[PDB]
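> please work out how this folds:
(7 chains, ligands or ions: 8)
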Amino acid sequence: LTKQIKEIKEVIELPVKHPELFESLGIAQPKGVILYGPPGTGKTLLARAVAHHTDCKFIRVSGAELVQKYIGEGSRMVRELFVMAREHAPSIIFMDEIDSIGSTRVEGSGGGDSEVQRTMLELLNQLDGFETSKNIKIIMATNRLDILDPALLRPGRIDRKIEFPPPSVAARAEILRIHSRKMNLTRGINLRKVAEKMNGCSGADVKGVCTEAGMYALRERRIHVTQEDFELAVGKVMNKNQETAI
Amino acid sequence: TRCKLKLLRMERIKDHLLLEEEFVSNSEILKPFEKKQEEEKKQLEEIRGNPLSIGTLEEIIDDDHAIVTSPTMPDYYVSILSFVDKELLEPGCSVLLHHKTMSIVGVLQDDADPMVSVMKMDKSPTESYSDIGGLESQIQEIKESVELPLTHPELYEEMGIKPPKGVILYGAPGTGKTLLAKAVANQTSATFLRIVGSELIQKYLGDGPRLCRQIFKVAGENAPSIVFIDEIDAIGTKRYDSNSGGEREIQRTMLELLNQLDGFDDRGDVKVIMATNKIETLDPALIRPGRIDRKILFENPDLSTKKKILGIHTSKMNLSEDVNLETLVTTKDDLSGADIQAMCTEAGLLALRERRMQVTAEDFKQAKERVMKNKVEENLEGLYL
Amino acid sequence: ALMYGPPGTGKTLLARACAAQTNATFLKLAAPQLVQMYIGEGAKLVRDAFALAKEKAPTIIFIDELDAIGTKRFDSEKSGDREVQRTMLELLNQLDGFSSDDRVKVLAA
Amino acid sequence: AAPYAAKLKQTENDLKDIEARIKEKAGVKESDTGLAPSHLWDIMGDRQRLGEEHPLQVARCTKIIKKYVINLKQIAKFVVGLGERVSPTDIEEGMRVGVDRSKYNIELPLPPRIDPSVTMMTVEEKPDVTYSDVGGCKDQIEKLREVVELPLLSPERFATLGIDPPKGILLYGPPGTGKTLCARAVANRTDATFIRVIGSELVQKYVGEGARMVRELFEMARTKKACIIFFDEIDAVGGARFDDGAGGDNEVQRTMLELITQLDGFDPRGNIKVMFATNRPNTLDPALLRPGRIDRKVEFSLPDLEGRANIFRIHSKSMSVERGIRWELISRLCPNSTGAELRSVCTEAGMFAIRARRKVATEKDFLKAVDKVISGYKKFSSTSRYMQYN
Amino acid sequence: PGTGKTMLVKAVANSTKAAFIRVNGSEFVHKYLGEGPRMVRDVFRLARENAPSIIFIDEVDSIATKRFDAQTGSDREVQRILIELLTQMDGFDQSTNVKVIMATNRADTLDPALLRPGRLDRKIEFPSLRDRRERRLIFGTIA
Amino acid sequence: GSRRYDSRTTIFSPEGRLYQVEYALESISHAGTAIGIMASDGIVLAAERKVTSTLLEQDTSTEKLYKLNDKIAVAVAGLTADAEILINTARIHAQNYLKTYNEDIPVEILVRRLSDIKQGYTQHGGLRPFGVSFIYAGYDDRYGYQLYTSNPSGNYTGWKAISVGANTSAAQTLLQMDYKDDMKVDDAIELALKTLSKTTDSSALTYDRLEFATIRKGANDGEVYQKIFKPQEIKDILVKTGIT
Amino acid sequence: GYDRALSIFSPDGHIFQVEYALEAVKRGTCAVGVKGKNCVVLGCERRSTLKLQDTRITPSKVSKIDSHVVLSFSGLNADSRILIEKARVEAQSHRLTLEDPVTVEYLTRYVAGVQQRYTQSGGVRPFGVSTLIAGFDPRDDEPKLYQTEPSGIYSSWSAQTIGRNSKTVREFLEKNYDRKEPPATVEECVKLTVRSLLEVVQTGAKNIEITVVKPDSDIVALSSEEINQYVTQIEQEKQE
Ligand SMILES: Nc1ncnc2c1ncn2[C@@H]1O[C@H](COP(=O)(O)OP(=O)(O)OP(=O)(O)O)[C@@H](O)[C@H]1O
Ligand SMILES: Nc1ncnc2c1ncn2[C@@H]1O[C@H](COP(=O)(O)OP(=O)(O)OP(=O)(O)O)[C@@H](O)[C@H]1O
Ligand SMILES: Nc1ncnc2c1ncn2[C@@H]1O[C@H](COP(=O)(O)OP(=O)(O)O)[C@@H](O)[C@H]1O
Ligand SMILES: [Mg+2]
Ligand SMILES: [Mg+2]
Ligand SMILES: [Mg+2]
Ligand SMILES: [Mg+2]
Ligand SMILES: [Mg+2]
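Numbers count the residues shown, from 1 in each chain, chains lettered A, B, ... in the order given. Ligands and ions are numbered 1, 2, ... in the order given. This is the structure:
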């Protein structure tokens, strides 16, 4: 997903690296950046990547109240996260609508995970004296944009909307190679021909072809990941995905 | 400059001199400090020593005795000794105990809480009144209720009329319900507590009233105060389904908010701002005129008003001479002031992708067109004509 | 015996007459006091009440408003309380015969 | 420049040295008093530290054995004797007692109850909204006085007939009719301890804890001498019972059932009058309503035309108004209204006078205000929906 | 419930010829104090000592619950047991030890802090559905 | 009795609006897009289907274009089920007028008649309103070519080019910049396809997912021939105008 | 049948379906009526937000009931046509049986009586329309101008306005219309009605429609050019 790296660099990376470009023009700071697409197309992976390059803290909040033991609660927490965020800033608060664990919160509210997004966005438009330039951005992830209620799509509320298409046959080849660099190869293997044959739909699936190829390496006690292993792997991964997805 | 330094120089060496005179001639007289003073501080410290055990005063008995609870389990019928204000000790208060034989040797404790800090805004918004382009009439219904009785409490007391209490800022989205709250919160320099209406639904049962009783107690202590409740619409309309008390729970919490707002308490000075976008949903008991006094209403900015709004966002901006402000106003026909702000922000972003400081005429025309498509008309007044 | 009917006909009154006239031991109990928020402290109270009733035998236990030990009809997978439930089922084992139910009569209203 | 840049440093050292003199005189460490009566208190605390009035470890009795069975808080039980301070007549069942630090012996009986820390917070300091402020000379005021005020004021007159006085009043009516206003008025008048509880605060987190709170409230009242407990806004905790079959009203009615049972007891309960104020009687359960727990229903309803004339006089008498105000004229022009709209009327009459730069409110200004209040807020009238639940 | 989760683990206890430590999920709840943390700390050390070793918690479900009140004492004591397990699960890395193998017949209530990567990784499925071939195979061995 | 179960689909709201007619507008915003363009010498009706799988035989299928007589065609956007009902009441009223005056029905009568049927259900009856919106393209000698849209309120107004269905706003703004009054039937076709090409959800635009029908005066003797295109004329006209 | 009692009294003594009906008339476009010495002039707001909309074939806001009675309206456009159908019917029915065209006051009494009927019939919601019925009685030149409303009550006015921003227009007509002396002629009256409208339309020559009705069955609509001319004059007059 090469195009998407360039669009989120604009709104997130640049106002941290240069708070002067945004003062000079007279442009308001960007706040929210909403990421949406099919799971596995890597909307989280890009998030971790931008945080590392700018050099900001990455605070993942899942909506769970269990992990909170120092405050005690995530029940009345909104600003109580920000108190901890302001000590360790610059920060990127991350929130993901999982809608498969905690599916009963989504109901009847445009996301019960969006209660977290809107309340935290409200404190962030006007807080303290970070009106000159803010050191906390806010990033929201949703499988689908359908769920988000209109009070998060108004003009001026977010600032950027990233879309992630499922990978093309060209993209699959690149993504399959990043996972193959970690493990052995054999001369003559065309990682391109295995991406085409694999219909697929996700990059999560693609990573499972590599791990499954390593499983076929153990049973025969090979010394190298060979061309036969990928053909068996593609099948095992595709058949398991089609029985659960249909 | 000249005279302010000159008078300070005389006052600050005259202060020096008087403090030296009081110190020398109250140390040679034993009836004031001297002999009692150098023995009480050393004795008080030494006798009780350390560790001082913190506990909680469970309740106080009128006879200078108390029942205090150590976290280590043993309760104690203690006595209340030297160097403590006995009116300051009340249920809930934390006390310091003398560890050899348990007696309250005092409370030195601020007892600062994250419960008071969460309500509190350290606000310094760059917004002041007249960053609201026009809608001047509406500004001067809000200032007469909230700000003015703090500036001149003389006018209402001469007249003999009780100040108006409460306001509701409602209307179409984008008319600046939040932007007005920020203007009026900046001027007053009263304690401005902020609490979004969504927070009043939480998962546990019966916590809603405990949370609602807490907010107003911080405010009454900090008079004069403002309590802004942003989108109190949110509790009626939504159903987060985290709270397993269901709809019954939301109703019992609402009834708590009604009592804290007027009820029996007879609280101190607490103005309330209630922002909402849909006044229909709101329970009719809340809106009732007696708790709120004036219901301000807004409407969609006009074509003459939109010129004022645009002038505010285009002033900060750098422009070329090729831009024409007037052709950006007329094309849009009835579009709120939130969209005008985004139209400026979108243009400056296109010019920053091309990497030229100036925002030319073309960046404005591409931005304006993109913002009309993003909107969604209004099938409420389309039905009509 | 059970007493059921419209409020105000005097179910509580009638039990009060019986207490003063029979000069048997009369153990007043109220069904909401029995329910307790601690985990299983409400069960311990039922067994202690019937055990005291053996010593003072013969006895009458008059329970008021049995609606606080309500009805068992829940089985949801989301919450369900299941506290009131436990102390009600402890009450049934003392009404059973293992515990002598011939020294102890129960007036339910 | 230099003569004052160097002397500005000099005066900052001379002030830091003046802070040391002021710290030394009073000390200001372990201080929490005016440092004048605490000198004498210092010698008094030396005599109490030597005496063993304290510490006394606080315990509670579990069974009197004709000898006692005491339980300490650190959970370990003891059989104790008797103190030379006290008679055995004063040691009772369940009572809190202080025992020696060492060999545990009963010293002093203590007043009961450890829950008092929410319900003690609502023993009122009695505000004053005088009885004049109540509108007119209504019958409704006189039916409250026969319940609360008269049996405390003059028990001579009730003794002859032999009537035992009623106890319960139910105040009910559309919002803004002054249900609460009267409550505050009888709060000072009465002079008995006045405890107001909000109906939402009885709802607790745990199954069975809401029943405790309301149970100890009454126990405390019986100890005090003559009480009035004012249950405000008990729509919450009051809803008739149902069983959805899925969750039920189980946690709410656990509280509601405890309240019913101490207003008929299995015993006569103490001198306790109870006032209920709701915005809907619809909600309330048939067990709360019948006489003996809510003897007299009194309706606070919209005032008729003559009522609205007296309630204009009670808000306006502080106001400066001209002589030519015909309050009959603007009461006739005001339709059917609650007393809460009439406050906003007068506030807005005074409001238009401050905008106009006039010190005295005129006839023109009062008409504008009536127009503004009823026109706009007839759209937001609480009165129409809530009158139907009645 | 009832597909042969435990019975597949019995077989594995015989064949391995590596130490094997078998704990119910209720040995970790103590009644006194801090003893929950004290059970976890011992169990992982004991594995490392006689390595290579398999730890099996029959049912870990009550300890790995998803929701905590964090007011009642009981909950505040389970949180400590669950933090320790997560901490020493990453310490197990770079030993011959194979990590804890554990079963639960519930999957919705699990704490997702266990199923993050670097801790519990591989998820086994046991179906309820039986096709015709796989059914005959079970009948064959019992009969 | 019956009152408990009653929805009441005819009351006013607290603000002087009809909720139930508003909601009918909402369900029309999910259905497929339909566009009509008025040239000097004809009318283009072009509609995008909501179905697109290949098992479906879209070739003989018509669910968007209907002829009401031999001079007035309509396009549909909404519930296709509901729409067939109003079309037979229109077909019948179009014919009654030809029976009694021996003269083809004016476009103004046939549109005003359908509107009042829809109005009818929100006035009384307690039935749920209709969930349909029509574009009428028709020809009459009084005004030449005419175009009219009606919605579930019953309010209809004429247009030069209009669009109902998904992204009504977006489709209207693209047309507004390009449309000109000197357009011929060739020019209009090219603007209609291009505008559907920019709004379609799928980036690819195929001949099979488009329905298309015109009304041209190039039929001899001062007459008008309505043709609903075959799938082989659409295919050739998609390669001609360079959309693929 | 379907006969639910949709319209009932509330305890405040207003029917809530009728108050709701009258709020619906407020959001409507604005229509103004002013009667001169011997003409009436009906000025109406055209929603011009719309673009690419043909004005040749689009129904206007002034619909002739007879050849000397015109009717204008504010509110729901759809429901309005239902009154105008029963009105055109009533005008020919009265010509048939008594002879003589309808007098303006009678044609209102019928139309006002229909709006009243639909506030008692069970199963029917009230109308969301208020009208201005204007014109000249036959064989007379007294101008007449009436207003009905969804309560069913009707009144004659010297000038009136219904619809959105009506308070601002009505205030201008209470200062600029002398009750004793009408606009001298037909030309002065048009200049009084345009000048009232230009306060709330915030100009646009295309936005404003003017229909003048004169005695003796002379209905004419002022063309765009004429309107433009008047606006430019008033703007230039007022500007000067
Ligand atoms: N009347 C106005 N004048 C100038 N700027 C305005 C005006 N209204 C809105 N804005 C601009 O739009 C921004 C967002 O407005 P705001 O948050 O007040 O909208 P809102 O109406 O409160 O939305 P919501 O319906 O979500 O409450 C403001 O920060 C301000 O810059
Ligand atoms: N009978 C009255 N006479 C004078 N003033 C009144 C009267 N009734 C109400 N008011 C005024 O209205 C205000 C609000 O009334 P109050 O707080 O008693 O409401 P309430 O009757 O409790 O209704 P709710 O509880 O629904 O708000 C009072 O503070 C008082 O100023
Ligand atoms: N385009 C990609 N390039 C590289 N790795 C990918 C890509 N898409 C998916 N993956 C792999 O799949 C994993 C799961 O995706 P994740 O980042 O959790 O986001 P999401 O599950 O929301 O799509 C990634 O961590 C990564 O290892
Ligand atoms: Mg993700
Ligand atoms: Mg806002
Ligand atoms: Mg009874
Ligand atoms: Mg009240
Ligand atoms: Mg098992």
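> how about the strands in chain A?
A:32-36, A:57-60, A:91-97, A:136-142, A:158-163 (DSSP state E).
> for chain F, find the nearest of those.
strand A:158-163 (12.3 Å; Cβ to the nearest Cβ). (Each C-beta comes from the backbone N, C-alpha and C, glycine too.)
> quick one: that closest one to chain centroid distance?
13 Å (Cα atoms, centre = their mean, to the nearest Å).
> please apply the same query to stretch F:216-227.
Distance, centroid of stretch F:216-227 to centroid of chain: 21 Å (Cα atoms, centre = their mean).
> can you mark which positions in it are buried?
For stretch F:216-227, the neighbour count (16 or more other Cβ atoms under 10 Å in any protein chain shown) marks F:216, F:217, F:224, F:226 as buried.
> could you work out the most separated pair of those?
Between any two of those, the greatest separation by Cβ to Cβ is 11.3 Å, found for F:217 and F:226.
> report the secondary structure state of residue F:201.
Put simply, residue F:201 is coil when judged by DSSP: H, G, I helix; E, B strand; the rest coil.
> burial measure for it, as a count.
9 (other Cβ atoms under 10 Å in any protein chain shown).
> how much space is there between it and residue A:16?
Going from residue F:201 to residue A:16 by Cβ to Cβ, to the nearest Å gives 36 Å.
> contact residues of the stretch 201-350 of chain B facing ligand 1?
B:277, B:309, B:312, B:337, B:338, B:341 (Cβ under 6 Å from any ligand atom).
> repeat the analysis, applying 5 Å as the threshold.
Residues of the stretch 201-350 of chain B lying near ligand 1 by Cβ under 5 Å from any ligand atom: B:277, B:309, B:337, B:338, B:341.
> I'd assumed residue F:20 was in contact with residue B:383.
No: when contacts are counted by Cβ atoms under 8 Å, residue B:383 is not listed as touching residue F:20 (10.8 Å).
> for the two, work out which one has more neighbours and name it.
Higher neighbour count among residue B:383 and residue F:20: residue B:383, with 21 against 17, using other Cβ under 10 Å.
> how close does that one sit to residue F:19?
To residue F:19, residue B:383 is 10 Å away according to Cβ to Cβ.
> what is the burial count for the closest residue to ligand 1 within chain D?
In chain D, the residue found nearest to ligand 1 is residue D:380; the distance is 19.4 Å by Cβ to the nearest ligand atom. By other Cβ under 10 Å, 17 other residues sit near residue D:380.
> find the nearest non-adjacent residue to it, please.
Nearest non-adjacent residue to residue D:380, counting by Cβ to Cβ, 6 or more residues apart in numbering or on different chains: residue B:287, 5.1 Å away.
> ok now do the one you found, which residues does it touch?
For residue B:287, the contact set (Cβ atoms under 8 Å, 6 or more residues apart in numbering or on different chains) comprises B:168, B:279, B:295, D:380, D:382.
> residue D:141 contacts residue D:133, correct?
No: between residue D:141 and residue D:133 there is no contact under Cβ under 8 Å: 11.0 Å.
> compare the two and say which is more crowded by neighbours.
residue D:141 (17 against 14).
> who touches that one in this structure?
If a contact means Cβ under 8 Å, 6+ apart, then residue D:141 has D:131, D:134, D:182 as its contacts.
> and residue E:134, by the same measure?
Counting by Cβ under 8 Å, 6+ apart, there are no residues that residue E:134 touches.
> gap between the host helix or strand of it and the chain center?
Taking DSSP states H and E as the definition, one finds residue E:134 inside helix E:132-142. From the chain centre to the centre of helix E:132-142 is a distance of 29 Å (Cα atoms, centre = their mean).
> follow-up on the earlier one: now the residues of the stretch 201-350 of chain B next to ligand 1 in JSON lines, with secondary structure, distance to chain F and neighbour count?
Compiled in JSON lines, those are given as follows (DSSP: H, G, I helix; E, B strand; the rest coil; distance: Cβ to the nearest Cβ, whole Å; neighbours: other Cβ atoms under 10 Å in any protein chain shown):
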{"residue": "B:277", "secondary structure": "coil", "distance to chain F": "13", "neighbour count": "17"}
{"residue": "B:309", "secondary structure": "helix", "distance to chain F": "22", "neighbour count": "23"}
{"residue": "B:337", "secondary structure": "helix", "distance to chain F": "20", "neighbour count": "24"}
{"residue": "B:338", "secondary structure": "helix", "distance to chain F": "17", "neighbour count": "20"}
{"residue": "B:341", "secondary structure": "helix", "distance to chain F": "20", "neighbour count": "20"}
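> check whether stretch B:107-125 contacts chain E.
No: judged by Cβ under 8 Å from any Cβ of the partner chain, stretch B:107-125 makes no contact with chain E; its nearest approach is 15.2 Å.
> which residues does that stretch contact?
Looking at what lies outside stretch B:107-125 - Cβ under 8 Å, 6+ apart - the contacts are A:71, A:76, A:78-80, A:83, A:126-129, A:131, B:54, B:84, B:88-89, B:93-96, B:182, B:185-186, B:191-195, B:214-215, B:218-219, D:30, D:32.
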